[PDB]
Amino acid sequence: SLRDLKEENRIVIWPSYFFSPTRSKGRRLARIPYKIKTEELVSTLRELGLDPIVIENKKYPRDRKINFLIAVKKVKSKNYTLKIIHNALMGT
RNA sequence: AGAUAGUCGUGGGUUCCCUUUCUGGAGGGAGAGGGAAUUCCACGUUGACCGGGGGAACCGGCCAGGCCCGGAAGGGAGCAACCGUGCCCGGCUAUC
Ligand SMILES: [K+]
Ligand SMILES: [K+]
Ligand SMILES: [Mg+2]
Ligand SMILES: [Mg+2]
Ligand SMILES: [Mg+2]
Ligand SMILES: [Mg+2]
């Protein structure tokens, strides 16, 4: 799906950003104790009106295991966005 | 012509896992701190040097392929191979 997003205030989220067992392996923020399922996630994104649209047929290089990828709207910066999602994920 | 043994300190490098600031359409970019290693560099330090050889899938570094993101460039996690080490042989010197 190329780079359009750039023009849509979109940014790509590889699920690993959150649910990687090791940072070197991909996590960019504190580990999430609980375990989180895919659909649950999406859900949360939507919940923050990030209007997630998913992209199948896309393999993270640090684990070709994951074949999909989520497109989301930047809230302020990919960064802020993530914090926000993560922080939200740790919803007790 | 015997037995063994081959300096320690701080700084930094790197690597591993962790926490963290800013950031891009991916691979990612620019920083901060903590801990655990080090086979890697500083000088300073000590009698703690000199050569030789060698090869771990399961050690460390690195990584052809293959598996990936990229428009490409390139960037990645990573197996074999390679390297480095581990090891072995002398001398050299040290304590018995
Ligand atoms: K290897
Ligand atoms: K690499
Ligand atoms: Mg789109
Ligand atoms: Mg490595
Ligand atoms: Mg390759
Ligand atoms: Mg000897």
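Overview of the structure. (Residues numbered from 1 in each chain as written, not as in the entry; some residues may be left out. Chains lettered and ligands numbered in written order. Heavy atoms only, no water.)

## A closer look at the pairing of strand β3 (residues 69–73)
Now for step 1: With four of its five residues buried, β3 lies for the most part within the structure.
Now for step 2: Where strand β1 (residues 10–13) lies against β3, four bridges are found, and the strand directions are antiparallel. In the strand pairing of β3, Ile13 is matched with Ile70.
Now for step 3: The pairing of strand β2 (residues 53–55) with β3 spans three bridges and is antiparallel. Paired with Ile55 across the bridge in β3 is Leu69. (Buried < 20%, exposed > 50% of the residue type's maximum accessible area, 1.4 Å probe, protein only. Helix = DSSP H or I, 4+ residues; strand = E, 2+ residues; numbered from the N terminus. Pairing = 2+ DSSP bridges.)

## Let's talk about the environment of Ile55
Now for step 1: Within the element layout of this structure, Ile55 appears in strand β2.
Now for step 2: Residue classification places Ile55 among the buried positions, given a relative accessible area of 14%.
Now for step 3: A C-alpha to C-alpha distance of 17 Å links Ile55 and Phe18, two positions 37 residues apart in sequence.
Now for step 4: If sequence neighbours within four positions are ignored, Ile55 has contacts with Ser1, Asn67, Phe68 and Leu69. (Contact = heavy atoms within 4.5 Å.)

## Focus: the side chain of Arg10
Now for step 1: Following the sequence through the fold, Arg10 ends up in strand β1.
Now for step 2: On the accessibility criterion, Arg10 (9% relative accessible area) is buried.
Now for step 3: A polar contact of 3.3 Å, which involves the side chain of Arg10, links it to the backbone oxygen of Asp51.
Now for step 4: Residue contacts for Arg10: discarding those within four places in its chain leaves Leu5, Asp51, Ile53, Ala71, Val72, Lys73 and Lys74. (Polar contact = N/O pair within 3.5 Å; in protein donor to acceptor, adjacent residues only side chain to side chain.)

## Comments concerning the nonpolar core
Now for step 1: Counting 21 residues, the largest nonpolar core has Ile13, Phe18, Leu41, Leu45, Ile70 and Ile85 as its most contacted members.
Now for step 2: Put simply, the parts of the chain that give this core at least two residues each are α1 (16–19), α2 (38–47), β3 and α3 (78–89).
Now for step 3: Look past the residues within four positions of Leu45 in its chain and what remains in contact with it is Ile13, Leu50, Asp51, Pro52, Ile70, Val72 and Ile85. (Core = buried A, V, L, I, M, F, W, Y, C linked by side-chain atoms within 4.5 Å.)

## A short note on α3
Now for step 1: End to end, α3 covers 16 Å across 12 residues, agreeing with the expected 16 Å (1.5 Å per residue, within 8%).
Now for step 2: Residues of α3 that are buried: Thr81, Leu82, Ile85, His86 and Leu89. Down the axis of α3, the sector holding all buried residues measures 120°, keeping them to one side.
Now for step 3: Where α3 is buried, its residues meet β1, α1, α2 and β3. (Expected span 1.5 Å × (residues − 1). Arc of directions from axis to C-beta.)

These values are about where atoms sit, not about what they do.
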